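Working notes for the structure below.
As a convention, Cβ positions derive from the backbone with ideal geometry for all residues, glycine included, and neighbour counts pool all protein chains shown. Derivation of every value follows stated rules applied to the coordinates shown; laboratory data play no part.
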Amino acid sequence: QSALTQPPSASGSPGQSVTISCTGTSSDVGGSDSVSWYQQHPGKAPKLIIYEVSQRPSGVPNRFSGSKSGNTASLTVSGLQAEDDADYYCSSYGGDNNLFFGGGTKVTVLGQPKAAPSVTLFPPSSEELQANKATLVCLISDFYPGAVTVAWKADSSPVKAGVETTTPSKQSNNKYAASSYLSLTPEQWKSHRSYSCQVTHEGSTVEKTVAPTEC
Amino acid sequence: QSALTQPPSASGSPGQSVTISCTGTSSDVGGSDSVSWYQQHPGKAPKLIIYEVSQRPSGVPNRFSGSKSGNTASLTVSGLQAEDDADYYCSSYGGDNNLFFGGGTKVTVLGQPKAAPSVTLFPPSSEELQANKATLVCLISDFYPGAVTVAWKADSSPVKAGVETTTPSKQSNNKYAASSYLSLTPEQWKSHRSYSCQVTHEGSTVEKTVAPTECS
Ligand SMILES: Cc1cc(OC[C@@H](C)c2ccccc2)cc(=O)n1CCOC(=O)NCc1cccc(-c2c[nH]cn2)c1
């Protein structure tokens, strides 16, 4: 969706190192040395931390380093500190006077053990079907860090319209939970082989699939 | 490191206009026409809506207009809509390869309409019952303001344990969504006549009930 591609998330414990990538094309990332990186603590103003691939503004510690190889730029944060937990965005000049941005990378400094999500995909309930709705819901619970990306497939084809995913919230067990729901019509639901929920967490994807049944 | 100066807060009613300012110095905002504005909904990536003081990227409505006078840039959002409720940041390049950002302005769209939740209750799926699990999910969507309370029933008796409800989050229709889910064993699910989800929003309660399926 974003012009430049960044991994959705990275994580590490205090003192560890983490590298996050920013992939474009030869006409942006690979067409000059104009890659910048920005840091944002959620709800706060962002801050430029790297410009022209490798240059650190004043005040930015040398724990942060930027490099580029071909059409991929990389930001390395060595010796993670608590204040490095933030969202990180890249940008690059394009072909002509155009500025391209990546989708952002959530960098977590692990505050607790990592936990993969429990993924449960529910087909349409009877009551909503007889109200001419065929909403599917994909329940995602008990994960840490609280970053997740969800993709839906109709058969094998990506489906963007009708998808809603809730912002992960921390539950009573101190692990995160969210739900993605796909608002189908009964016709859409009954006319496909199946639908799938793809849940990505800590660089690993899990997929669940449901299909219509007679009863 | 120094910031541009934006008011913390601004507001307006639907259809009204709102103007927010971004005050810099002669060597940033006043130094050239490199002022940008970004819109960001909480928990989402931001969206550049203005660059070079006044230029809108593709797909940005012409309700958003940017200008500059001296050291102060201004964004005006006319015809306010619920989706304009968000944080707005300005930026400006200076010399020395510097990029300055304002602290951000939270624009509030006042008096958005109340909306009762849609409630959809799902019984355990085939796959999880196979896996010796019986989680129920109560999907709650399309409600405003974003506060709900959820109670569960086993037959007619209150369910006091195994309940989790997510913090409501605003979705693409500018209304809130949440899920309550009840972790049951397959035995609990099968031993009862039904389970119900009771969602209370603004003093009004919606109740849904599901029972072990009679299919095969
Ligand atoms: C993801 C993201 C980040 C971003 O952070 C800025 C950072 C300072 C910041 C950070 C935190 C808080 C505030 C600001 C800005 C931003 O706009 N995005 C969305 C990117 O959208 C696209 O790539 N869309 C397709 C696309 C395709 C081709 C051209 C364009 C185009 C032309 N002219 C403008 N866009 C767009």
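Scan chain B and report its longest stretch carrying no trypsin sites (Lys or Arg not before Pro) that are both in a DSSP loop and have at most 16 other Cβ atoms within 10 Å.
Segment B:64-113 is the longest.
Can you check what the net charge comes to around residue A:41, using other residues whose Cβ is under 14 Å from the Cβ of residue A:41 (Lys, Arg +1; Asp, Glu -1)?
With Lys, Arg at +1 and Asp, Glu at -1, the net is -2.
Once you order the gyration tensor axes a ≥ b ≥ c over the Cα atoms, which shape class does the stretch A:95-165 get: rounded for a/c under 1.5, otherwise prolate or oblate by comparing a/b with b/c?
Taking the square roots of the gyration eigenvalues as a ≥ b ≥ c, the stretch A:95-165 is oblate.
Just report the Cα centroid separation between the stretch B:56-111 and the stretch A:57-108, whole Å.
Cα centroid of the stretch B:56-111 versus Cα centroid of the stretch A:57-108: 23 Å apart.
Output needed: percent of Cα pairs per 10 Å distance bin for the stretch A:9-109, bins running from 0 to the one holding the longest distance.
Calculated over all Cα pairs of the stretch A:9-109, the distribution is 17, 51, 28, 5, 0 percent.
Only bridges whose two residues both fall in chain B count here: according to DSSP, what percent of them are antiparallel, nearest 5?
The antiparallel fraction comes to roughly 95 percent.
By how many nm would the segment from residue B:81 to residue B:207 grow when fully extended, if each residue of separation counts as 0.36 nm and the alpha-carbon distance is taken off?
42.2 nm
Starting from 0.36 nm per residue, how many nanometres of slack lie between residue B:9 and residue B:62 once their C-alpha separation is accounted for?
16.8 nm
Given R₀ = 56 Å, what would the calculated FRET efficiency be for residue B:215 paired with residue B:114, taking r from the Cβ atoms and rounding to 0.05?
The pair residue B:215/residue B:114 has a calculated efficiency of 0.90.
Given H placed 1.01 Å from N in the peptide plane, which residues other than close sequence neighbours of residue B:103 have an amide H under 5 Å from its amide H?
Close amide H contacts, sequence-distant or interchain: B:4, B:6.
I'd like to know how the protein assembly as shown sits against the 2.2 N^0.38 Å rule of thumb: what's its Cα Rg over that expected value?
Taking the Cα Rg and dividing by 2.2 N^0.38 Å, one obtains 1.08.
What is the distance in Å between the Cα centres of the stretch B:141-160 and the stretch A:136-215?
Measuring centre to centre over Cα atoms gives 22 Å.
At what distance in nm do the modelled label points of residue A:72 and residue B:149 sit from each other, each positioned 7 Å from its Cα along Cα→Cβ?
The modelled label-to-label distance comes out at 5.2 nm.
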